[PDB]
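Consider the single chain below, provided in structure tokens and representing the form deposited in one PDB entry.
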């Protein structure tokens, strides 16, 4: 029997991966120095940290090696639920190796993860899986809302958490967030969502080039 990839997704080109990685790092630096973030630090960490400055680049140390990616379907070589159905789809086979542009609308941080929110085109949405275990933070969010690029994770967090963290952030702002920004960073408006959750809504969306394919460990 033929096994499947570990996961399907869009793998950023080297240059797009470097552009987004650098924007993520700049965000972490700017956020950690922002007055609003600093005065909410005890909502973010929970230990015996001193009354000194947290460097978010250190905090989010488990950064992807190599290129960045946006996962569609985690397959675990066929062991994940829904893997075989996903992979057999015409659209997946037709798209395999195709180039796409991914639109990044926002960067976000929680105490667990840092990531970029991806807003998929209608063509890209056809590659989004139709799975069976709906996260409660996805209630009243449209399919494909979880799409993201992981930028870093805290030490004991697994990268999958980044999509759950995005969904939870999106739940906070689903009714609209006009007038609610706590402040601004150079590239957009900064939102403080409580419980260590922060979102930079980009003034101008970023656009990265990627290729749809399957990754094998």
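In this text, rigid core is short for the largest set of C-alphas that superpose within 1.5 Å between two forms. Numbering follows the first chain given and starts at 1.
One more form of this protein, deposited in another entry, exists but is not displayed; see below.
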Once you align the rigid core, which of 192, 161, 33, 177 turns out to move its Cα at least 2 Å between the shown form and the other one? 177
Change in CA distance between residue 177 and residue 122 in the other entry, which is 3 Å or more, as closer or farther: farther
Cα distance between residue 168 and residue 177, which in the other entry differs by 3 Å or more from this form, closer or farther: closer
